[PDB]
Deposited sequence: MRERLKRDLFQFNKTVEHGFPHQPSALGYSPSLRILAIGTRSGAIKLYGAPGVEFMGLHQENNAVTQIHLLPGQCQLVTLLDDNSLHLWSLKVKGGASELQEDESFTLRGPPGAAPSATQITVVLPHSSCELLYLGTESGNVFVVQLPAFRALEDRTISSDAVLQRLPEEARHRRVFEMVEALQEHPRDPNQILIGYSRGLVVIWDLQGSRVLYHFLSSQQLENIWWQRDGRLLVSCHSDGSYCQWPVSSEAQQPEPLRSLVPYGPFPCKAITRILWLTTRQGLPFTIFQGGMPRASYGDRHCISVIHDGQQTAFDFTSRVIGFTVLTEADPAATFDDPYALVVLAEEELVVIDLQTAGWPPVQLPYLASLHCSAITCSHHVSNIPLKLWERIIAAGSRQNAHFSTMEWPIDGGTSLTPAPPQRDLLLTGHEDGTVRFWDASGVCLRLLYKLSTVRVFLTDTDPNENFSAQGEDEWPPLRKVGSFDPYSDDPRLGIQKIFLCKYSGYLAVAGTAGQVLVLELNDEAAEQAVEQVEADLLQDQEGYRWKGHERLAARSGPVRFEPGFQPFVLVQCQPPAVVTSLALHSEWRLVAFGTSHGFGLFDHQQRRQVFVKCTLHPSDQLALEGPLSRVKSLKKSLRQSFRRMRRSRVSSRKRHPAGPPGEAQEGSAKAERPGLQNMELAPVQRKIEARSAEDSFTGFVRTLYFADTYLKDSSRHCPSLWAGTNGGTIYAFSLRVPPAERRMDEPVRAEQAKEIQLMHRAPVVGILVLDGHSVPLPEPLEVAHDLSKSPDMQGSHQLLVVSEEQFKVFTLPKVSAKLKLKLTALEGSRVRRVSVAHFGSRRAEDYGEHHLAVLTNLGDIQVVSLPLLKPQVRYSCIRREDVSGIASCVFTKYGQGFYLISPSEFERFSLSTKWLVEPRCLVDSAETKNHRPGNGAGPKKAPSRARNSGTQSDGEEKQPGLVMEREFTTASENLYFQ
């Protein structure tokens, strides 16, 4: 088409990311704005509020973000990188919506000759005045920097020699590096600040008077400090796994000191929080402190409250945590209600209001790799009834969760509700299928299906929370193929050990049995050196509401299922392996036929496609199944399927009508049929739910065969060549994945034409026109070396797509001028 027409239909943009960002390195939180901040090893800063409020930033240096400090009340924040640099970021309104932006940077440095291991920033303390940053260092000196000028103020330096000068000789036995471990402001006096050193000295420093008002020397090495709301109590945690409480009212003694976990040697408690409640029952929240010998490998946050203690246990390293308090600076009690934990592999939120401390569901930042992703499947425009039914069944399996509203709800989303409901399905290594609301900016989990059910498989007070599983339980459970019929609520899933399951959406529970049926693909042939078949449960099994399996087709050999097709109207299931393929009646639960493909691995069945088209006569069109193989062979099978009445009486019959060989012999990656207007045939039950999409039978039908090297069009029923595009011969690329995509014009509202969306082996995304097979546009998208990102890429029926930039995060892009799912929001004072 003309280039003017291309600009109405095609335009490439990467628009938003979905999931949990890879390798987080810092956590921040604004209590005034209720905004969550995540830093990564790559230098990214990601801000999150209410669903639809999102901000992605990137530091010019690719260094890890180690600290994030949102300024109190302000729409600004200060970050710190592992190269010891500070950065002032801002949220500025432009175009009626907020934008994240970096204002300036500053590297604290002493005189030349002074070692860097002395100016290394440990604690960053933004003063409540938002005009100054106090910076504790490894030397033991506290430096001051102006804001928003980012300039050092050497006249306000609080050195270690200046502090130790005001103190008695008993508290002057300093280390070479005093190591500022704590640096905090008085909760009820902006003139007083606390300074804590590694050896154990803590002081309260009069900023204006330049003198020590209070101090003590703890017996154990100091890790951290917490200052009670009223400023009249201090809590210190230490390297031997203990924590002490100190009154603030000269040099006092500890009120109480204890190693909370037995008499065994314990690892350090690295962080502690002491939060009051109006009920007179304080929370004690501390990180670590585990007995070294038998729990040194545990990642724990312990919560103490009202005689109840729980050591929350996470399957990955704690990057940072925060506790949401009801309070603002003026209140008397803290009144916590949520513990937010950023683990290296997931985000966990705990409800602190409800007894038992139940978890809170995530609206975003979901760890898609809780079990490793093994396949993906996107269904666009979901019928609203099935949508609500799947959502409802998801609520039924989430009873253990908290009823609390999502607390990180800051900001306002300027994006209207998604017009159509899009669904993304992910198959996982442990046999689970997760249903995701792929409609807009936030990828929210709606329902989880588990298929392992069809097979036969108190001090310290540890409580395992989170969902990330670092282990590989059983790989043969992994799901390779997914097919959801959005019209019938039927679902087919296929696994790594030849298991094929057909399921149906059920609003209520059931205790039915699952029919085991075998499909021997080597019937006309040999042994099997590999995985033994998954043993199925013989008796009836109870299933909670959702998609419930009623038949299991076990392939013999139990090899990887490499292709899957499901016709809901004809109630048939096609599936292929490296050996052959077969067709299965999921109404009669009986095998229709089986075909071995090891004599035209070139018999690897990679593509399956049902089509009601012209297979033998230009007047008679019958049901048909098409199979494409790695050797360039296309098998076509005529299908005699009875009507609704004789559906169980007489069986479905099938005969091999065609065997088409491609001379260039590239693997068949795509098969489809076009109607008399050169429009692709509609999905099963699509015509039954919309007669306006009835395929043209008056004109001749055409068969489209896409291989890794070429696009070929044949006419039906004769199968003689009419059109061709030799992709690999032209530009040296190979088709890795091809999907039909409807592209809409954005200068003419009621319009659209189908074309082929192509993912090449080089990570490019091309649009090949229908029906003439002319290359339209070529875009750079996935990197050539990113084999995993290419393997995971998946298209939508309307010009969008997803691919993995990491095990736990998708990137969303758009080929179409009709789609641009990007966040737009506003965060005000």
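By the record, the deposited chain contains unmodelled runs at 250-252, 461-474, 543-544, 620-697, 927-979, with no C-alpha atoms placed there.
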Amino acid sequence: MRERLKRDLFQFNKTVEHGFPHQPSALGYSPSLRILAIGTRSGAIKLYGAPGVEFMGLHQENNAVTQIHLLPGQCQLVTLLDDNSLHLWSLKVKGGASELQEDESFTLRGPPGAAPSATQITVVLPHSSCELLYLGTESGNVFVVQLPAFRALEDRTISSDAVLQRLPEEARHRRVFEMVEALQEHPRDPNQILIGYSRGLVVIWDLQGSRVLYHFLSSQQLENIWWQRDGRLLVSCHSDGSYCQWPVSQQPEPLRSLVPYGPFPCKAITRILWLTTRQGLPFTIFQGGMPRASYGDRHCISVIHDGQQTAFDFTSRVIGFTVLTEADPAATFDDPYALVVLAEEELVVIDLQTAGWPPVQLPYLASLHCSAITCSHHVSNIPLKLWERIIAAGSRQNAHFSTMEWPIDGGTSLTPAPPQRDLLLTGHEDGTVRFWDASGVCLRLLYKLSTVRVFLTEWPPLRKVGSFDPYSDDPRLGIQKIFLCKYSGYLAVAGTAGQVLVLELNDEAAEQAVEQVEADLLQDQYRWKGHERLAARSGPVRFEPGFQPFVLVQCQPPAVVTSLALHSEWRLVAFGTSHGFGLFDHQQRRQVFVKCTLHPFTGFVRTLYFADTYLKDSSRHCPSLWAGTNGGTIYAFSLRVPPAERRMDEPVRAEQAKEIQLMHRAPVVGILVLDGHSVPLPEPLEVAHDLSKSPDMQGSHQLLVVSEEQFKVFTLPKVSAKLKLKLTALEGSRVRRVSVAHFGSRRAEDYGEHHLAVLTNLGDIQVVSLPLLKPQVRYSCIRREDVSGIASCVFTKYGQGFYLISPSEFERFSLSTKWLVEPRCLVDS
From here on, numbers count along this sequence of modelled residues.
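Set 758-766 against 24-32 and average the Cα temperature factors; 24-32 ends up higher. Annotation for 581-589 versus 236-244: the higher mean temperature factor (C-alpha) is found in 581-589.
Annotation for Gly289, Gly440, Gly262, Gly200: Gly262 ranks highest, by Cα B-factor.
Taking only the listed residues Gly632, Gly427, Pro558, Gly196, the entry reports the highest CA temperature factor at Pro558. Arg653: CA B factor lies in the highest third for its chain, per the PDB record. Ranked by Cα temperature factor within the chain, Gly113 sits in the highest third according to the deposited record. Placement of the Cα temperature factor of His378 within the chain: lowest third of the modelled residues, per the deposited record.
Sort the chain's modelled residues by C-alpha temperature factor and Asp313 lands in the lowest third, per the entry. In the deposited entry, the Cα temperature factor of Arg640 places it in the highest third of its chain's modelled residues.
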